[PDB]
Amino acid sequence: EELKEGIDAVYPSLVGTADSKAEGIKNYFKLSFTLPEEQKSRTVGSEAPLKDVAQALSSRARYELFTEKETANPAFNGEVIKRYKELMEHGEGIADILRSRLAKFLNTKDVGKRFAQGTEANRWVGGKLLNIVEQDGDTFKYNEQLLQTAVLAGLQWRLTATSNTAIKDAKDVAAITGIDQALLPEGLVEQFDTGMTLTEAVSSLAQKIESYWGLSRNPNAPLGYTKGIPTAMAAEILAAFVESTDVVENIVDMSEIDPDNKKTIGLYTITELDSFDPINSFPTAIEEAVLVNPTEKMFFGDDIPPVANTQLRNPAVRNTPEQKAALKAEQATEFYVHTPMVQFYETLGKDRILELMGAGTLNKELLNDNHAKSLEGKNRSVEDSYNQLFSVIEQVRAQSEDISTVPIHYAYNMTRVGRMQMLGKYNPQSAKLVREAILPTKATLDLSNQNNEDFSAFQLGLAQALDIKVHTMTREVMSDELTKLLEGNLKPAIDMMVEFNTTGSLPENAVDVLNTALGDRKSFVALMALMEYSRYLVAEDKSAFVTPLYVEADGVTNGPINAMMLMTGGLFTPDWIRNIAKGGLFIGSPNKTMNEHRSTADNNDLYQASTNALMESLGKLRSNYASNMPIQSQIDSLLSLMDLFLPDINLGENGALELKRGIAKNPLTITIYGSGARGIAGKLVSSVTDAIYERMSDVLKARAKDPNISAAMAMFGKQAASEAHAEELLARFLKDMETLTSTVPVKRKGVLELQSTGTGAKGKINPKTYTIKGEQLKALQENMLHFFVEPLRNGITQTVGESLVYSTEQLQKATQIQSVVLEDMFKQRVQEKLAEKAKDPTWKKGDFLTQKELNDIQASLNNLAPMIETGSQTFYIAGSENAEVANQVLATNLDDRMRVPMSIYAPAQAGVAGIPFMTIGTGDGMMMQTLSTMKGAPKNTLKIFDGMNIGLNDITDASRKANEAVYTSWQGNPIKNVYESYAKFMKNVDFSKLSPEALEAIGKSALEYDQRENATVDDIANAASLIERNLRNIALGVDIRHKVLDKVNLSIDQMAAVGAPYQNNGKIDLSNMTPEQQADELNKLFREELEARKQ
DNA sequence: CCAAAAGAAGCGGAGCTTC
Ligand SMILES: Nc1nc2c(ncn2[C@@H]2O[C@H](COP(=O)(O)OP(=O)(O)OP(=O)(O)O)[C@@H](O)[C@H]2O)c(=O)[nH]1
Ligand SMILES: Nc1nc2c(ncn2[C@@H]2O[C@H](COP(=O)(O)OP(=O)(O)OP(=O)(O)O)[C@@H](O)[C@H]2O)c(=O)[nH]1
Ligand SMILES: O=P([O-])(O)O
Ligand SMILES: [Mg+2]
């Protein structure tokens, strides 16, 4: 414990006494931090970090000598050095702003004088920065080591923070704003996704600062200072960045949107550097100069990422030995630049790739206001992905003369749901544009003869990339489909690419050529296929054609099939057997493939099946209201409007309804994962309205080209044959929009009744300003809910089976109840420690608990079994970081603003998170982990969760391994895993100790609505133990089913495309049997095994 | 549904209050 002497030697002039018991001003920086046993930062001990690092960055030799290494990144050249010189000068400006801000803070309200007289301003939420000041005559000034080091972190953050931010979707923006997801204005998600919230900006900034400070937290110090001082610094640096215009602050007024929303929300956007700014080619020189082990860097050649010890954002969950092996294997993979695609991207140029793959140049007078904002979002994502690719290409290009021989490695970590996520936002795994330029897939193929197996593999790669559904047809039929396409519609695009692969040039009309040839086949991988096929055509040696073109072994309706296999817990039914075959589990058909299944046996997949069931359920709803003309008319109107704008809905001339797989895909999936119907309804309406806003632009684009054209032949000309036919379409639209906004269905005692809203749509349409408002969106949603979504939900249950629904409900309940108790106990143990600290004279309110105190509390919850263990994976469903534990500001800036709430790592309610956690985890997550670690694991692949990109040389073996990995994951029992955790929970829980809040929440999950009223502790305890029994019985069933199935002859082709199914070689032959016969025999084996447990 | 949370600011020195 010589840590007091150590840190005082480094900072002896900081104000106050490094004794928490001392009576005057106490220094909480020295009380909170210690020197690390091994150096973490090269700026520790430096009198002037900004001067030292600026000299370090002034030349290659100085950089190498400062980093104590023989050779620096070759990207650090003359042009990049000059840019860092200017950036170091800017750091001096930031530091100068910070010093002036401190001076003003000390002068305002005589704070400096009071602090000098003994007022403990260094313990205030806005004064924790006084812990790193030094006395300077009659005033105070920053410690220069600490100030300048924080500024260096500020500069690194400024350069790379945007590229490390998370992606905000509709759910995120809803959580941030307090506006219900379904009523979110258009472009609001775009506004919020492009910016950072305060917590988002400050916490990432604070993380950097503390990292560069290079010290270690004292476990016995209050989090109010260990987390508070760097956050205080981060907040002042953000404020300085706003003054300097490096960051823009936008306070978004929610009452402009929703008048009863009082929230005003800060949004921080970093000012973008030029795409051609040399600093982009090497944006981490500071990071790599300051830190002994840099986080932010690219991994070239034999420089490989280390293996993460803990789950992403779950410090309490250690990656298992099997997970770590998976991570090592994926980080070992070498990725390479495919030069022809980069050259193609470069030659088209940013502007043309925007025109082709985004929305091109937008003129804000032929575009609907709402549609214009969606198109701005489409352009942004493509643009950022392009710039990020070429920044990476600049760095790669410096490493060698031939860029295609520089190996690239990527860091991965295991997420909470057991997925191996590639770190970063613009890597091969996450960005489609990058995925076609940087690849691990490689093959040398003999394409000199089109009857080769090599040429067939090549064809499969091409067909899949061009939107041919390769898993639905045999290789032979596939081959003819591709040939027709290549020799037909794609031919003029192919001729252009031939010419590009000869001269390096593209014609002025390149975008038109590609757009016309590809149609709705257009994608980045489609461009890769045209590039690769044209390369083969001009290839000197077709006998040894080298290509990164891949085939994706892709999961067929993966999550739902996984759920059906992993969590169905009773006897076998013939419907289950038929429905699971749609996902590639074949019983009694040796060597059967998904290609064969879809072409000869059953052309309907699981989502098509559920759509078929929706059609049946819709008829049944129609018949219950046959005499009710207003009701029949509402239904007709909802269907009409959907038909008018959505591709997956069709109505024939005599009113025959046709539905495609695509409308059931997401609803089915997210229903299993616990979504409500309202959320599904809102999403279907969003897709309708987006199409309407898009059509409004098509109208303006018609009125400009032709002023004397009718609104009927402006909105429905491309959709209808004649003008009268376009007039009947327009009449339908106005009829539908009026009735669907003015009238809503309401469920009154199990009956549907129509009610007037009093807020129906009327008035002349102005295509530019046209917006379907919140009250009118609500009405469309309620119509969608009762007339489409509810029937879809009935259809969904029929398809996946009631037994699975029952299993997922029990899983949800157990995990929610357990999470409620963990949350509440933690909060109580925290409240009990704070009442104890209230007696401590050294302790002040605002100081929280120490890390050791929080670790003690977290470890005291272990007998409630917060972790689910599978033997190869660990899940912690309750785990979160939230502001509700400390319920207090952590730090503010020196203007009393940027008040960051204190966030704590603690358990919180799961809600429905247990279902997707366990299904994704033990489904696709376990499959991929197995695939990474299994005997003869496929090499040189890219894994994207439920599909794996494979080099053309290894498509057969890798697919068969992938299907084997699927079978392996189907030997799991997530309910058993949940049961084992919940059973331990149940012997240690004391429901009496819980708060009325916690008790109420458990009541909702464990009890029927008519029993939450007067529920005793003993009532909800008996109800909780009944769920334990239910879990036990389900887990037993799943266990038997899996054993029974292993004895039968099985062909597995869930990871489809190639036609390489895994054979389990089960010795009981169920060939030449109907599903009814198979179910009867499996059930005989079930009972046989069930009677074995009896004895 | 899930894969990461997330109002601002005056006055005063925490936490209530107004927008
Ligand atoms: N919780 C959640 N999971 C999703 C969602 N979308 C996709 N997933 C998961 O990712 C899996 C694979 O996604 P996809 O390949 O796009 O869809 P799929 O279910 O395999 O269906 P197809 O490939 O079209 O046959 C799904 O089965 C889900 O488990 C979603 O919106 N919510
Ligand atoms: N849990 C979860 N997984 C998702 C969700 N959406 C997509 N995924 C998974 O992530 C993968 C993304 O791979 P991409 O090839 O980039 O496809 P995408 O990002 O979904 O874009 P699309 O081509 O429209 O499917 C999908 O195949 C799914 O496996 C989601 O909402 N929740
Ligand atoms: O094009 P698919 O059949 O691999 O999805
Ligand atoms: Mg899939």
Side-chain angles (χ1 to χ4, degrees), chain A residues 108-109 111 114-115 119-128 130 164-179 181 192 195-204 249-256 259-268 311-314 413-421 430 559 666-680 683 808 812 844-846 875 877 879-884 887-889 892-893 895-906 908 910-921 923-925 945:
Chain A
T108 310
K109 300 191 193 183
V111 165
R114 287 153 71 202
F115 183 57
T119 297
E120 281 182 287
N122 65 137
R123 307 183 81 173
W124 297 343
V125 291
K128 284 161 192 192
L130 300 175
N164 299 74
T165 55
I167 297 179
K168 289 187 198 75
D169 53 18
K171 164 203 151 63
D172 296 323
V173 176
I176 294 164
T177 57
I179 296 162
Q181 195 175 155
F192 276 79
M196 297 172 98
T197 63
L198 176 74
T199 288
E200 185 179 3
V202 168
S203 79
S204 64
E249 186 183 70
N250 183 15
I251 307 300
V252 193
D253 191 1
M254 293 301 93
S255 64
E256 294 294 309
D260 51 35
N261 204 322
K262 312 80 47 201
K263 281 179 149 207
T264 57
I265 307 154
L267 226 47
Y268 301 87
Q311 208 171 260
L312 201 60
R313 293 137 213 148
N314 253 153
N413 204 353
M414 217 64 61
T415 67
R416 285 148 137 91
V417 297
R419 282 184 172 180
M420 293 193 278
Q421 204 163 75
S430 69
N666 199 251
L668 179 323
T669 299
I670 76 173
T671 287
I672 294 181
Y673 294 153
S675 176
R678 231 158 296 265
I680 295 160
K683 210 185 187 182
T808 62
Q812 194 269 138
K844 189 204 174 190
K845 204 169 193 303
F875 305 96
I877 301 168
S880 70
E881 193 155 44
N882 71 117
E884 275 68 47
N887 199 45
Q888 62 169 248
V889 173
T892 77
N893 71 27
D895 285 329
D896 192 46
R897 293 179 197 200
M898 295 185 181
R899 316 191 187 169
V900 193
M902 186 172 205
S903 263
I904 298 298
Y905 187 72
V912 294
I915 309 167
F917 263 62
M918 292 313 290
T919 307
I920 290 159
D924 67 61
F945 312 129

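A note on names: the letters A, B, ... follow the listed sequences, proteins ahead of strands, and every chain is numbered from 1. In what follows, every heavy atom counts, from backbone to side chain, and hydrogens, waters and symmetry copies are set aside.
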(request) Tell me which of A:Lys171 and A:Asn882 sits closer to the 5' end of DNA chain B, going by the nucleotide each one is nearest to. (result) A:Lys171
(message) Going strictly by the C1'-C2'-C3'-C4' torsion (positive north, negative south), how would you label B:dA6?
(response) north
(message) Rounding to an integer number of Å, can you tell me how far A:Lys683 NZ sits from B:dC1 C1'?
(response) 10 Å
(request) Show your reasoning for whether side chain to side chain contact (heavy atoms under 4.5 Å, CB included) applies to A:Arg419 and A:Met414. (result) CA-CA 5 Å; A:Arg419 282 184 172 180; A:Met414 217 64 61; over 6 Å; no
(request) State which of B:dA8, B:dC1, B:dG13 makes the closest approach to the side chain of A:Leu198. (result) B:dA8
(message) Less than 4.5 Å apart, side chain to side chain, heavy atoms only: is that true for A:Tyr673 and A:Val912?
(response) no
(request) Please state how far atom CE in A:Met902 lies from atom P in B:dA5, giving the value in whole angstrom units. (result) 19 Å
(request) Using a 4.0 Å heavy-atom cut-off across all strands, classify A:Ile915 as base, sugar-phosphate, or nothing. (result) nothing
(request) Could you check whether A:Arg114 gets within reach of a base, just the sugar-phosphate, or nothing at all, counting any heavy atom under 4.0 Å? (result) base
(message) Need to verify one output field. Residue with the more 5' nearest nucleotide on DNA chain B, A:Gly676 or A:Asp172?
(response) A:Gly676
(request) Assign A:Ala883 to base, sugar-phosphate, or nothing according to its heavy-atom contacts below 4.0 angstrom with the strands shown. (result) sugar-phosphate
(message) Are the side chains of A:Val417 and A:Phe945 in contact, using a 4.5 Å heavy-atom criterion?
(response) no
(request) Between B:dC19 and B:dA14, how far apart are the P atoms? Round to whole Å, please. (result) 26 Å
(message) I'd like to know if A:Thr197 reaches the base of B:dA6 with its side chain such that a donor and an acceptor end up less than 3.5 angstrom apart.
(response) yes
(request) Check whether any side-chain heavy atom of A:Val202 sits under 4.5 Å from a side-chain heavy atom of A:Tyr268, and report yes or no. (result) no
(message) Does A:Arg416 reach a base, just sugar-phosphate, or nothing at all? Heavy atoms under 4.0 Å.
(response) sugar-phosphate
(message) Heavy atoms only, 4.0 Å cut-off, all strands: where does A:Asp253 land among base, sugar-phosphate and nothing?
(response) nothing
(request) Determine the interatomic distance between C1' on B:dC2 and the same-named atom on B:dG7; round to the nearest Å. (result) 26 Å
(message) Taking B:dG12 as the reference, what is the distance to B:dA8 when you measure between their P atoms (whole Å, please)?
(response) 22 Å
(request) Starting from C1' on B:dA4, measure out to CD1 on A:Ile877 and report it in whole angstrom. (result) 17 Å
(message) Rounded to whole Å, how long is the line connecting atom OH of A:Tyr268 with atom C1' of B:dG7?
(response) 10 Å
(request) For A:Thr165, enumerate each residue passing the side-chain contact (heavy atoms from CB on, under 4.5 Å) test, keeping only those at least two apart in sequence or located in another chain. (result) A:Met196, A:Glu200, A:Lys425
(request) Let me know the distance between CG of A:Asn314 and P of B:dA3, rounded to the nearest Å. (result) 10 Å
(message) Please classify the nucleic acid contact of A:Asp169 as base, sugar-phosphate, or nothing, using heavy-atom distances under 4.0 Å.
(response) base
(request) Check whether any side-chain heavy atom of A:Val111 lies under 4.5 Å from a side-chain heavy atom of A:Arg114, and answer yes or no. (result) yes
(message) What is the distance, to the nearest angstrom, from the CD atom on A:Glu249 to the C1' atom on B:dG7?
(response) 12 Å
(request) Specify the separation, in whole Å, of atom CE of A:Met196 and atom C1' of B:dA4. (result) 13 Å
(request) Report which part of the nucleic acid A:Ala175 touches: base, sugar-phosphate, or nothing (heavy-atom distance under 4.0 Å, all strands). (result) nothing
(request) Check whether any side-chain heavy atom of A:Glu249 sits under 4.5 Å from a side-chain heavy atom of A:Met898, and report yes or no. (result) yes
(message) At under 4.0 Å between heavy atoms, how does the protein contact nucleotides 14-19 of chain B? Give one character per nucleotide, 5' to 3', with B, S or -.
(response) SB---B
(request) Looking at every strand, decide which applies to A:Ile176 at a 4.0 Å heavy-atom threshold: base, sugar-phosphate, or nothing. (result) base
(message) Expressed as a whole number of angstroms, how long is the span from A:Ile179:CD1 to B:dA6:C1'?
(response) 14 Å
(request) Determine the contact category for A:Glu881: base if any of its heavy atoms lies under 4.0 Å from a base atom, sugar-phosphate if only primed atoms, P, OP1 or OP2 are that close, otherwise nothing. (result) sugar-phosphate
(request) Under the side-chain contact (heavy atoms from CB on, under 4.5 Å) rule, collect the residues that match up with A:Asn314, sequence neighbours excluded. (result) A:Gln311, A:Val317, A:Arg416, A:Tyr876, A:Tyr905
(message) On the side chain of A:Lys109, is there an atom forming a donor-acceptor pair with the base of B:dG13 - under 3.5 Å, no angle test?
(response) no
(request) Could you work out the separation of B:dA6 and B:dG10 based on their P atoms and round it to a whole Å? (result) 23 Å
(message) I'd like to check A:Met254 versus A:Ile265 (side-chain heavy atoms, cut-off strictly below 4.5 Å). Are they in contact?
(response) yes
(request) Check every atom of B:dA9, B:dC1, B:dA6 against the side chain of A:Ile251 and return the nucleotide holding the closest atom. (result) B:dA9
(message) By the 4.0 Å heavy-atom rule, please label A:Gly178 as base, sugar-phosphate, or nothing.
(response) nothing
(request) Report yes or no: is there a donor-acceptor pair, N or O only, under 3.5 Å between the side chain of A:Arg897 and the base of B:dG7? (result) no
